[PDB]
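Trainee: What follows is entry-v1.pdb; its format and atoms are PDB, C-alpha atoms.
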ATOM      1  CA  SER U  22       0.000   0.000   0.000
ATOM      2  CA  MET U  23       0.904   3.625  -0.345
ATOM      3  CA  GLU U  24       0.244   4.089   3.445
ATOM      4  CA  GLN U  25       2.967   1.384   4.159
ATOM      5  CA  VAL U  26       5.423   3.212   1.894
ATOM      6  CA  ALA U  27       4.763   6.542   3.642
ATOM      7  CA  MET U  28       5.383   4.899   7.027
ATOM      8  CA  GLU U  29       8.598   3.415   5.600
ATOM      9  CA  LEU U  30       9.754   6.813   4.348
ATOM     10  CA  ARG U  31       9.129   8.287   7.918
ATOM     11  CA  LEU U  32      11.189   5.376   9.429
ATOM     12  CA  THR U  33      13.964   6.132   6.914
ATOM     13  CA  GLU U  34      14.021   9.781   7.761
ATOM     14  CA  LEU U  35      14.044   8.986  11.561
ATOM     15  CA  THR U  36      16.994   6.652  10.807
ATOM     16  CA  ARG U  37      18.815   9.549   9.102
ATOM     17  CA  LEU U  38      18.255  11.836  12.065
ATOM     18  CA  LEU U  39      19.300   9.060  14.603
ATOM     19  CA  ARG U  40      22.502   8.419  12.565
ATOM     20  CA  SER U  41      23.467  12.067  12.994
ATOM     21  CA  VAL U  42      22.523  11.947  16.725
ATOM     22  CA  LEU U  43      24.636   8.781  17.126
ATOM     23  CA  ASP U  44      27.641  10.497  15.514
ATOM     24  CA  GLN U  45      27.361  13.462  17.727
ATOM     25  CA  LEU U  46      27.090  11.329  20.922
ATOM     26  CA  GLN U  47      29.982   9.153  19.960
ATOM     27  CA  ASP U  48      32.176  12.232  19.482
ATOM     28  CA  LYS U  49      31.651  12.825  23.170
ATOM     29  CA  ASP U  50      33.638   9.599  23.797
ATOM     30  CA  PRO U  51      36.995  10.454  22.212
ATOM     31  CA  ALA U  52      38.697   7.761  24.302
ATOM     32  CA  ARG U  53      36.480   5.125  22.555
ATOM     33  CA  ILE U  54      35.577   3.539  25.935
ATOM     34  CA  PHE U  55      32.029   2.818  24.640
ATOM     35  CA  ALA U  56      32.828   1.923  21.017
ATOM     36  CA  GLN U  57      32.634  -1.849  21.249
ATOM     37  CA  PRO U  58      30.993  -4.572  23.431
ATOM     38  CA  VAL U  59      32.660  -5.423  26.686
ATOM     39  CA  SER U  60      34.721  -8.544  25.808
ATOM     40  CA  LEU U  61      33.589 -11.665  27.713
ATOM     41  CA  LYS U  62      37.048 -13.136  27.071
ATOM     42  CA  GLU U  63      38.598 -10.210  29.023
ATOM     43  CA  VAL U  64      35.749  -9.721  31.614
ATOM     44  CA  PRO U  65      34.434 -13.280  31.993
ATOM     45  CA  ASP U  66      32.043 -12.434  34.865
ATOM     46  CA  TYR U  67      30.413  -9.455  33.017
ATOM     47  CA  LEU U  68      27.004 -11.034  32.424
ATOM     48  CA  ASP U  69      26.699 -11.940  36.119
ATOM     49  CA  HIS U  70      26.726  -8.171  36.780
ATOM     50  CA  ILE U  71      25.150  -6.635  33.664
ATOM     51  CA  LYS U  72      22.039  -8.163  32.138
ATOM     52  CA  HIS U  73      21.646  -6.066  29.013
ATOM     53  CA  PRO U  74      25.110  -5.017  27.670
ATOM     54  CA  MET U  75      25.180  -2.185  25.165
ATOM     55  CA  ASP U  76      27.803  -0.254  23.141
ATOM     56  CA  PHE U  77      27.966   2.109  20.145
ATOM     57  CA  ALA U  78      28.728  -0.602  17.552
ATOM     58  CA  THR U  79      25.733  -2.689  18.612
ATOM     59  CA  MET U  80      23.536   0.484  18.392
ATOM     60  CA  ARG U  81      24.883   1.198  14.903
ATOM     61  CA  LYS U  82      23.943  -2.360  13.757
ATOM     62  CA  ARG U  83      20.376  -1.882  15.030
ATOM     63  CA  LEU U  84      20.187   1.575  13.422
ATOM     64  CA  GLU U  85      21.266   0.358   9.947
ATOM     65  CA  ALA U  86      18.612  -2.349  10.045
ATOM     66  CA  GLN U  87      16.111   0.514  10.810
ATOM     67  CA  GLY U  88      15.571  -1.179  14.123
ATOM     68  CA  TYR U  89      14.719   1.995  16.161
ATOM     69  CA  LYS U  90      10.925   2.818  15.718
ATOM     70  CA  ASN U  91      11.114   6.027  17.771
ATOM     71  CA  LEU U  92      13.602   8.210  19.733
ATOM     72  CA  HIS U  93      12.622   6.593  23.047
ATOM     73  CA  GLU U  94      14.001   3.199  21.902
ATOM     74  CA  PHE U  95      17.290   4.778  20.826
ATOM     75  CA  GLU U  96      17.615   6.714  24.102
ATOM     76  CA  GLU U  97      16.981   3.468  26.010
ATOM     77  CA  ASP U  98      20.058   1.880  24.376
ATOM     78  CA  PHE U  99      22.188   5.023  25.023
ATOM     79  CA  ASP U 100      21.174   5.056  28.637
ATOM     80  CA  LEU U 101      22.187   1.328  28.935
ATOM     81  CA  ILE U 102      25.690   2.237  27.757
ATOM     82  CA  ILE U 103      26.024   4.832  30.587
ATOM     83  CA  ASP U 104      24.112   3.002  33.251
ATOM     84  CA  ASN U 105      25.881  -0.374  32.785
ATOM     85  CA  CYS U 106      29.278   1.373  33.112
ATOM     86  CA  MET U 107      28.280   3.327  36.268
ATOM     87  CA  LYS U 108      27.230   0.043  37.901
ATOM     88  CA  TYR U 109      30.178  -2.193  36.954
ATOM     89  CA  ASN U 110      32.885   0.387  37.522
ATOM     90  CA  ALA U 111      33.597   2.360  40.712
ATOM     91  CA  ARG U 112      33.312   6.133  41.044
ATOM     92  CA  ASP U 113      37.098   6.650  41.113
ATOM     93  CA  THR U 114      37.721   4.977  37.711
ATOM     94  CA  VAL U 115      38.376   6.391  34.298
ATOM     95  CA  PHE U 116      35.488   4.256  32.944
ATOM     96  CA  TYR U 117      32.889   5.671  35.372
ATOM     97  CA  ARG U 118      34.088   9.210  34.812
ATOM     98  CA  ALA U 119      33.942   8.770  31.064
ATOM     99  CA  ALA U 120      30.321   7.687  31.405
ATOM    100  CA  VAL U 121      29.393  10.715  33.516
ATOM    101  CA  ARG U 122      30.949  13.057  30.896
ATOM    102  CA  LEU U 123      29.122  11.208  28.063
ATOM    103  CA  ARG U 124      25.809  11.463  29.873
ATOM    104  CA  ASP U 125      26.244  15.194  30.578
ATOM    105  CA  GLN U 126      27.352  16.099  27.078
ATOM    106  CA  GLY U 127      24.876  13.786  25.370
ATOM    107  CA  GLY U 128      21.972  15.409  27.292
ATOM    108  CA  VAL U 129      22.447  18.556  25.198
ATOM    109  CA  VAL U 130      22.273  16.640  21.913
ATOM    110  CA  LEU U 131      19.278  14.579  22.924
ATOM    111  CA  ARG U 132      17.341  17.598  24.096
ATOM    112  CA  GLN U 133      17.411  19.140  20.591
ATOM    113  CA  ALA U 134      16.881  15.749  18.897
ATOM    114  CA  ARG U 135      13.590  15.398  20.744
ATOM    115  CA  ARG U 136      12.473  18.840  19.518
ATOM    116  CA  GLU U 137      13.439  17.839  15.868
ATOM    117  CA  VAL U 138      11.622  14.518  16.056
ATOM    118  CA  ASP U 139       8.428  16.199  17.418
ATOM    119  CA  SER U 140       8.822  19.210  15.047
ATOM    120  CA  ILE U 141       9.313  17.284  11.689
ATOM    121  CA  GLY U 142       6.957  14.520  12.996
TER     122      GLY U 142
END
Would you mind giving the structure from this file in structure tokens?
Mentor:
Amino acid sequence: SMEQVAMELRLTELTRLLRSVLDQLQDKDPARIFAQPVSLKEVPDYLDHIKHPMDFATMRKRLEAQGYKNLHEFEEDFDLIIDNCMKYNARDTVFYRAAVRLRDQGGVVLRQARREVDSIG
């Protein structure tokens, strides 16, 4: 149907906007602490601690399959990146601190993304 196509075009345009959001958030992680999944070879107990691991590469895979239906879903995954790190790692660590800085800086980006998503529809 034409209605299904129109819905697909809206999903495609959301995907474009989320790709730009993702790039902007990842630039706030110049150390690349959040770039890839935590390695279970190197942290063999990780899944005992963290039930839903997340990282920027995994988000990018979902994005390119147009797997985010709305901004809320994408924000959920970004929040997992931060939240998982702040649980596993102590306050005095470079990992925890990197997550705090990512959260704070990403807040700015996400605030305007929400406006754009509501605005363009």
Trainee: At what distance in Å, to one decimal, does atom CA of residue U:40 lie from atom CA of residue U:86?
Mentor: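 Answer for the atom CA of residue U:86 to atom CA of residue U:40 separation: 11.7 Å.
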Trainee: Evaluate the PyMOL selection byres ((chain U and resi 95) around 10) against this structure - the residues, as an MDAnalysis selection string, please.
Mentor: chainID U and resid 39 42:43 80 83:84 88:94 96:100
Trainee: I'd like the neighbourhood of residue U:103 as a PyMOL selection string, where a residue qualifies if any of its atoms comes within 12 Å (using all atoms listed in the file), though same-chain residues fewer than 4 positions away should be ignored.
Mentor: chain U and resi 46+50+54-55+71+73-77+96-99+107-110+116-128
Trainee: Just to confirm, what's the straight-line distance from atom CA of residue U:34 to atom CA of residue U:141 in Å (one decimal)?
Mentor: 9.7 Å
Trainee: Calculated over all atoms listed in the file, which of the candidates U:105, U:41, U:60, U:87 has the smallest distance to residue U:130?
Mentor: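 Of U:105, U:41, U:60, U:87, the one nearest residue U:130 is U:41, counting all atoms listed in the file.
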Trainee: What does the structure give for the distance between atom CA of residue U:136 and atom CA of residue U:37, in Å to one decimal?
Mentor: 15.3 Å
Trainee: For residue U:72, which residue among U:57, U:102, U:112, U:45 is the nearest when counting all atoms listed in the file?
Mentor: U:102
